[PDB]
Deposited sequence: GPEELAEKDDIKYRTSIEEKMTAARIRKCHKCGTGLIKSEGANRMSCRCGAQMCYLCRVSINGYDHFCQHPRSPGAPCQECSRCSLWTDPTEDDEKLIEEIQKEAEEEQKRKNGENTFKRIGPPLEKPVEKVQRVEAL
């Protein structure tokens, strides 16, 4: 009974964490980006793309073509080197949290449903 609610809450919390943490393929360490490009060099030396999480060998993974400001690239569809995914990742996290809190309210009743840290 209670174990089922604990399992659902913790699964939602882990999905919310997985939408923010980037896991390295070499050493298996969780990573987050402070600033800079989306080309991430983990402490172990392995490189990856912060956007698609695929192992890469350098900058040839990203779009390196001149762009018109505020327009998509007209030569390729490769990952952007400078786009910050923080806003989209937070929208994903908040939608998962909102839907999970609605599901928890549907299961238990219309009277504590909050899963994860609050908003601002």
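Discussion item. Numbered from 1 along the deposited sequence, what ranges are absent from the coordinates?
Written reply: Unmodelled stretches: 1-5, 117, 127-138.
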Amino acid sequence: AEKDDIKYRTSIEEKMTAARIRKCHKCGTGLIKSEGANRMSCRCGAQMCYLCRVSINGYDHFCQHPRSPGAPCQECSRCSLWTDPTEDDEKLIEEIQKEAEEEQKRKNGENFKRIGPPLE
From here on, numbers count along this sequence of modelled residues.
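Worksheet item: Comparing 89-97 with 69-77, where is the mean C-alpha B-factor higher?
Response: Comparing averages over the C-alpha atoms only gives 69-77.
Worksheet item: Higher mean Cα B-factor in the deposited model: 15-23 or 101-109?
Response: The deposited B-factors put 101-109 ahead on the C-alpha mean.
Practice prompt. Please work out which residue in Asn38, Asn57, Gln64, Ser41 has the highest C-alpha B-factor recorded for this crystal structure.
Written response: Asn57 has the highest C-alpha B-factor of those listed.
Worksheet item: Where does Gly116 sit by CA temperature factor within its chain: lowest, middle or highest third?
Response: It falls in the bottom third of the chain.
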